[PDB]
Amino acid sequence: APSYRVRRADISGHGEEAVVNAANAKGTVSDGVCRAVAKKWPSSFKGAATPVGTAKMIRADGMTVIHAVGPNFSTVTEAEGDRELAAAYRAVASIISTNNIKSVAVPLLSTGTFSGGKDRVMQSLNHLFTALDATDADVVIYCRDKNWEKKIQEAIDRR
């Protein structure tokens, strides 16, 4: 069975075997998780472009980087975004299980730039749990907000 922890820290400082980038479909560097990932593992972005609702893995700079593209909720209906966000997390879970990845640092996809101006912490976290429950990985969820850290910890505990 998988294990879940939350850290309020820069995800670039994670101690896990792999890291999930909250990526865009074009594989460009922009504000958010992506900027921290690009600074720490700059060569991890070579050929990383992948469609919304999918994930693409690379080994670069001594790290396993999983580029997961959540939906931009400004560009899809709520129901379409919900399906695509579930799909991105399942694509992450598949990469974890098929590559025997023991531990992974994961941000909450579609909760920043792609949030469409809405609070989607619980929506994104619930899809993270559902998808990564299919793995036996040690999952560490990364955030920067003290409020988010507490709600994520509350959610982990309820399980």
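A residue's number is simply how far along the shown sequence it sits, counting from 1.
Relative to one another, 5-13 and 20-28 have unequal mean CA B-factors, and 5-13 is the one with the higher figure. Legend: mean Cα B-factor per stretch from the PDB entry, 64-72 versus 122-130; the higher mean is in 122-130.
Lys102: CA B factor in the highest third of modelled residues in this chain (values from the PDB entry). Among all modelled residues in this chain, the alpha-carbon of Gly117 has a temperature factor (C-alpha) in the highest third.
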